[PDB]
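These notes concern the structure reproduced below.
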Amino acid sequence: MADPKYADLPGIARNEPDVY
Amino acid sequence: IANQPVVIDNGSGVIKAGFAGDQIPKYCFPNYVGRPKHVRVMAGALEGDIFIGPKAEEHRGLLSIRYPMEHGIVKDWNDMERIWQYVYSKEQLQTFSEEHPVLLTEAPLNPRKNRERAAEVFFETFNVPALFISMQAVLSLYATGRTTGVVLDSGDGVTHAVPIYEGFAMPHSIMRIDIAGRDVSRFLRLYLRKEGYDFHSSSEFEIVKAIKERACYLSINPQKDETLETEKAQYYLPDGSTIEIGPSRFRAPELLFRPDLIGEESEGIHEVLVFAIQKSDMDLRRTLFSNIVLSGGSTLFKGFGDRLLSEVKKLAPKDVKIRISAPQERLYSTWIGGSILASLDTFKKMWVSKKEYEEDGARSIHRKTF
Amino acid sequence: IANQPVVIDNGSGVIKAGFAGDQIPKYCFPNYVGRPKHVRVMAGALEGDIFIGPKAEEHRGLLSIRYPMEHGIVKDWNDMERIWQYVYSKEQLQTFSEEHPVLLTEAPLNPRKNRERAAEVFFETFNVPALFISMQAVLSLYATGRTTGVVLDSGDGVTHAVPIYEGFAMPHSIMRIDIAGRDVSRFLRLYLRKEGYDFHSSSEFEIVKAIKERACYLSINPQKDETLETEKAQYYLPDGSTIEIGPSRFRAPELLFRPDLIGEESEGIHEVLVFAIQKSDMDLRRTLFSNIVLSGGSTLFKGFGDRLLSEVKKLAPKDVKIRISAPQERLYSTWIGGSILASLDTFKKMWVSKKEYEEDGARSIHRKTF
Amino acid sequence: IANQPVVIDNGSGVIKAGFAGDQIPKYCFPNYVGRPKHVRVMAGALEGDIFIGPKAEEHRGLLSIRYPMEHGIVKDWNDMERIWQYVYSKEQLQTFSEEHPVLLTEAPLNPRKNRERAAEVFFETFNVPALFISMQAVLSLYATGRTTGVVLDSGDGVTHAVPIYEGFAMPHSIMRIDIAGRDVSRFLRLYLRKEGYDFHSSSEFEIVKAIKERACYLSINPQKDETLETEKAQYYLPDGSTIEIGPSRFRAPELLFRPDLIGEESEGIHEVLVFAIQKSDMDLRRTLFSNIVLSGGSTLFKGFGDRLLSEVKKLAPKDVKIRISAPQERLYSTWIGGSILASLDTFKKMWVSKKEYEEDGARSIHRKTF
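These protein sequences, in sequence, are chains Z, E, S and D. For the first sequence, the numbering used here assigns the number 560 to the initial residue and increments by one for each residue that follows. For the second sequence, the numbering used here assigns the number 63 to the initial residue and increments by one for each residue that follows. For the third sequence, the numbering used here assigns the number 63 to the initial residue and increments by one for each residue that follows. For the fourth sequence, the numbering used here assigns the number 63 to the initial residue and increments by one for each residue that follows.
Below you can see the structure in the form of structure tokens.
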């Protein structure tokens, strides 16, 4: 979208893997 | 009188403005008043003698800049009145203060005197029909669409972490520091002088912010980066003179994690996030760990969220699912939630009207916010 | 080897020390281990790098103060070992640990692991011939000269009520909260940030304790003081800067009676005192109401006993004579009783000898205390 | 190899040298390299064509003077190498560089590249066995005999206030400004052109320094002196022609307190002294105000110490004991402390040896200075 500052390819979140 | 209300997202670094029910703020400009250093001999000069917004960004070199807000606490009240007047004026909004209700923002655990004097400005000097003051964390969660969430924010003035769970903000679990983007930029400036390149003026200070925004990253292991020798990357000024930054680019944002570098023992960003989850009740901790939301400009460093994960893995209990979420629109997250909050029909009940302010005073404003 | 035994009244805030059969503890100093915040460049600086006692009180600004003991539960054992080593050293007592038997104090209902590790320190690291751990409430009654009475005390860590009747301590009628002087000082600090004046640093925390000690008073009716507007009395810091404290000075010590303000649903001092009298047997309640002994540091607030009476009048059965006794030397009441208990000829039978500890271990210490 | 070590007090205006354990530096000469403007036709002339020390002071008019060091930062490294070689040569010291260890001095918060290049010169061009770089503030306190106190200094290069409490220099409270004696002398010259008596040549520049040293004074109230009309007192030049100085004498050293006159928004001496004290922790501030040490040549203006106190009374908190102490030999303060520091037995542990430099490099020098 429009406006000066964005970050491209950080991702929405960083998550640990879910174990059983 | 229920017109389309205005959303003034305050902050020491940047001030966002616009109307309710919009996707993104149309009016974003940095929060400072610029006044000229030099004498105007020649006629046909830049009139007014007070510069706010894009004029001040364009003509930095002339203007002795000074920030009215430090750590979400307005020091110079005359300067903030001029900025809020500039926001309302024809150069930005093109509307009167009398028509629209106002949505103001503040950091949590601020001085109550500043909140009272803020209300005084909007009700007396400007003639506002209704004012409402809100938190950053509650607005960030409105923008995402969640209810559960720990909001680790990092603006220019303040860093804090309010743990909300299913629409229940816990006021005593709030952890706050006065270490943030401005102090990192001030710490980078001090390093650049130790490297060689000196900057001292207030117009010259914003170059250091631009270097900090562009060329800075957080090392995953700082001891490993210390032992190794850096590459020394370059940067071009508006002048054109090249600057070898060196190790100061990675050591600058370490102020956020190690606040002992500036010489002021605080918790740190990662410790504030853990302490906020720990101060809350036992059964709420695992849900608060799963919903960690990021916001503000000082979360935009390269490898910030990766390091913030690793610090939580070090501190928090083992075998727990950590999820540090962070939307695409982190900078305008607080404004978007305010625009969403303003558009809802419940907004009419929450605010403080002018009639209610004239009758009661400051006590009614303190009651309605909490 | 029956030398003059040493009484060490432990506590989170302050640590009193001295010999048995004395009128007042000669050696009182605050229980914390300060270590320097800055880098010593020049030679002839303060040597050692670990500061306990009056040197730490003199050079607060240099040292990052941290307490080893919270709520009568030692967290950092290495710091408490250094404090006890400082007590015995030539700067204070001028004696060896090998000569004198030790009288130790601990809060009731503490972790047994801490009591075992306390004994390990005194028997093995120091080479004490005989140790004896005792309760604070029993010693306070020894100092007054009574046998009967409930003992409400309020140190820096713990607030507890022990109902005792003619030398019969009732362990099941004991009440306890982890809400005391330190939490009141922490709650005052948070309130001064809401006023305006922040004291984030660890050395700067000691200024908040000094404000709490001097400029605080407990109002009788809290709702009446909330409706009325305060005068905002002044206070001078160690630097010289003036501070209007405002309504925080009276609302801060209210934590003791209302622990829902900090966000920790507990009983409160006045409820604990009534609960301890109620949980005891029916025939003892009226004698326990008449004999109520105050002790510790957080009983020294202005209008504390007046409010405590009013709260007992509210809760207790009607037409019952209440009497909240308060000695002159309330802070040293726990030590004075220890010095009295140490001076008695029965003391030789109560203690745990070194030979007895080497044979049995922790089980003998658990048996002799109760 | 532990010979009687050499002290080289480095400075932009003046450079002072000698040996350890001496009362006063025997070898004080100005830090510049004069080179002849005119052509040498006749034989039996001044040989060498590179003049340093008393020959350069004697023959000013011949030589195009240029200072290698500006603001404690050498620009022309070849000239400083020639000055250091002249110090060691038979014209001044009469010693070899290989025998004695070196005590060099530098201002705080300088470029680290200059510090490495300084070390390279002493270790490789000269063959020094051991080198040590130190701060001017720490040495001034060694000279006086104290450990506590702020060291305000003002030479020809830099003005900086370093707060040190009981041998603990606080690196994050070190204030610095590039507004010292050279900028005052440059500002005096610009004023004398406004008066009428212009100066342009480099040999002719040192006459302005002589005018600055002799006929100048700092008034208490600058607005009162501005309203009043000056007497226009005289001064005779080295030629013989008289100069009526006028208001240029008193307004010239005002630059140190008002840096807006030259056109550079900085703190000023009086603000730097207060800011350095304010940046430190609360408990150390009152002791830092009681111990203020002056140093350098630009503290020798008439009514400077009286103006400093008036400015401290204005800025600092009320009812605080201010005391601006100073040595008798304010110019030789930093050297005497270095000579004291060099003669101590600990000095062997502090320095960077030649073997240690050859192994590690610049990192070992950055590990030993700070």
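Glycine included, each C-beta is placed from N, C-alpha and C at the ideal position.
Outcome for residue i when other beta-carbon atoms lying within 10 angstroms are tallied against a minimum of 16
| i | result |
| --- | --- |
| residue 162(E) | buried |
| residue 134(D) | buried |
| residue 570(Z) | exposed |
| residue 358(S) | buried |
| residue 211(S) | buried |
| residue 140(E) | exposed |
| residue 85(D) | exposed |
| residue 343(S) | exposed |
| residue 40(S) | Outside the modelled stretch of chain S, which goes from 63 to 432, sits residue 40(S), for which no answer is possible. |
| residue 329(D) | buried |
| residue 354(E) | buried |
| residue 101(E) | exposed |
| residue 495(S) | Outside the modelled stretch of chain S, which goes from 63 to 432, sits residue 495(S), for which no answer is possible. |
| residue 407(S) | exposed |
| residue 98(S) | buried |
| residue 271(E) | buried |
| residue 253(D) | buried |
Nearest to residue i (by Cα), restricted to the options the options
| i | options | result |
| --- | --- | --- |
| residue 116(S) | 383(S), 94(S), 141(S) | 94(S) |
| residue 90(S) | 322(S), 69(S), 136(S), 198(S) | 69(S) |
| residue 202(S) | 414(S), 248(S), 251(S), 231(S) | 231(S) |
| residue 110(S) | 144(S), 132(S), 130(S), 81(S) | 144(S) |
| residue 214(S) | 255(S), 169(S), 193(S), 246(S) | 169(S) |
| residue 250(S) | 294(S), 307(S), 221(S), 209(S) | 307(S) |
| residue 305(D) | 313(D), 80(D), 260(D) | 260(D) |
| residue 79(S) | 124(S), 154(S), 294(S), 64(S) | 154(S) |
| residue 302(S) | 247(D), 380(D), 425(D) | 380(D) |
| residue 229(S) | 221(S), 208(S), 239(S), 92(S) | 208(S) |
| residue 190(E) | 198(E), 166(E), 159(E), 219(E) | 159(E) |
| residue 341(S) | 75(S), 182(S), 181(S), 233(S) | 233(S) |
| residue 247(D) | 394(D), 285(D), 217(D) | 217(D) |
| residue 176(D) | 152(D), 142(D), 390(D), 241(D) | 142(D) |
| residue 129(S) | 167(S), 318(S), 67(S), 244(S) | 244(S) |
Proximal residues of chain S, C-beta to C-beta of residue i below 8 angstroms
| i | result |
| --- | --- |
| residue 347(E) | Here the premise fails: no neighbours, minimum Cβ distance about 15 angstroms. |
| residue 231(D) | 100, 101, 102, 103, 104 |
Integer Cβ distance of residue i from residue j, believed to fall under 8 angstroms
| i | j | result |
| --- | --- | --- |
| residue 327(D) | residue 264(E) | 7 angstroms |
| residue 273(E) | residue 298(E) | Contact doesn't hold; Cβ gap of about 10 angstroms is too wide. |
| residue 388(S) | residue 367(S) | 6 angstroms |
| residue 321(S) | residue 278(S) | Residue 321(S) to residue 278(S), Cβ: 17 angstroms. No contact. |
| residue 74(D) | residue 219(D) | 3 angstroms |
Partners in chain E for residue i, counting only beta-carbon separations shorter than 7 angstroms
| i | result |
| --- | --- |
| residue 255(S) | 171 |
| residue 175(D) | 258 |
| residue 262(S) | 328 |
Chain E residues whose Cβ lies nearer than 9 angstroms to that of residue i
| i | result |
| --- | --- |
| residue 328(S) | Simply none; closest approach about 13 angstroms. |
Interface residues of chain D facing residue i [CB-CB closer than 7 angstroms]
| i | result |
| --- | --- |
| residue 133(E) | Result: empty, since nearest Cβ-Cβ is about 16 angstroms, beyond 7 angstroms. |
| residue 126(E) | 327 |
Contact set between residue i and chain S, taken where Cβ atoms lie within less than 7 angstroms
| i | result |
| --- | --- |
| residue 234(E) | 324, 325 |
Contact list for residue i against chain S, beta-carbon separation under 9 angstroms
| i | result |
| --- | --- |
| residue 381(D) | 298, 302 |
Neighbour list for residue i in chain B, Cβ cutoff strictly below 8 angstroms
| i | result |
| --- | --- |
| residue 90(E) | Absent from the structure is chain B; the protein chains it does hold are Z, E, S and D. |
Listed by chain order, chain Z residues near residue i by CB distance under 7 angstroms
| i | result |
| --- | --- |
| residue 368(E) | 573 |
Neighbouring residues, chain D, relative to residue i (Cβ below 8 angstroms)
| i | result |
| --- | --- |
| residue 108(S) | 228, 229, 230 |
Under 9 angstroms by beta carbon: chain D residues contacting residue i
| i | result |
| --- | --- |
| residue 266(S) | 343, 344, 345 |
Legend entry - Complete runs of the beta strand (DSSP E) confined to the stretch 344 to 427 of chain E [at least 3 residues]: DSSP runs (the beta strand (DSSP E)) wholly in the stretch 344 to 427 of chain E: 354 to 357, 385 to 387.
Inset, instruction - Run through the stretch 216 to 255 of chain E for me and flag every whole beta strand (DSSP E) of 3 or more residues, listed as ranges in chain order. - result: Segments of the beta strand (DSSP E) lying fully in the stretch 216 to 255 of chain E: 221 to 226, 237 to 239.
Inset, instruction - Identify every run of the alpha helix (DSSP H) within the stretch 254 to 283 of chain D, keeping only runs that are complete inside it and at least 4 residues long; order them along the chain. - result: Listed in chain order, they are 264 to 276.
Inset, instruction - Would you list, in sequence order, the uninterrupted alpha helix (DSSP H) runs of no fewer than 4 residues that lie entirely inside the stretch 104 to 128 of chain D? - result: With a minimum length of 4 residues, the continuous alpha helix (DSSP H) runs that stay inside the stretch 104 to 128 of chain D are 116 to 120.
Legend entry - Every unbroken beta strand (DSSP E) inside the stretch 297 to 322 of chain S [3 residues or more]: Runs of the beta strand (DSSP E) lying entirely within the stretch 297 to 322 of chain S, each at least 3 residues long, are 304 to 306 in chain order.
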